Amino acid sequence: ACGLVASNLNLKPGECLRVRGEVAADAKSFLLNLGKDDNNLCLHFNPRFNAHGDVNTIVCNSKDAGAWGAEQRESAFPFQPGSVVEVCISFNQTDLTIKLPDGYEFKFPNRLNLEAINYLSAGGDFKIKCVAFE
């Protein structure tokens, strides 16, 4: 299940990517990919309601030239199926900072050392309703 694919983003460090969308009722999981292209992502944000063995766990990873990196799992899961959830990702060369709906923040290392995000992609059981550049 793949949703929108966005290119020519040119989100530079300091800028904030605000993505709001609707989680499906039968939501197994959903994801957001940020990087330069599909085979090179600095952030594979993947909330797992019940998927790939994870129950209510956020799986984050990088992808370098097609190879997934080491996964980082977050136990904070403020998501409910069928709800409209907003997420906010601030870019930075050192790392990425994610703002969940409740105001919970956590970092993810910027492994590819990307100085600019140009690719965005959505997937899973989610419907992007808004993308805001700040």
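Residues carry their position along the shown sequence, with the first being 1.
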Looking at the deposited entry, does 22 to 30 or 81 to 89 carry the larger mean Cα B-factor? 22 to 30
Between 38 to 46 and 93 to 101, which has the higher average C-alpha B-factor in the PDB entry? 93 to 101
CA B-factor placement of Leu4, once the chain's modelled residues are sorted into thirds: lowest
Which third of the chain does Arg73 land in by C-alpha B-factor: lowest, middle or highest? middle
Could you tell me which third, lowest, middle or highest, the C-alpha B-factor of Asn113 occupies within its chain? highest
Relative to the other modelled residues in the chain, which third contains the C-alpha temperature factor of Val59: lowest, middle or highest? lowest
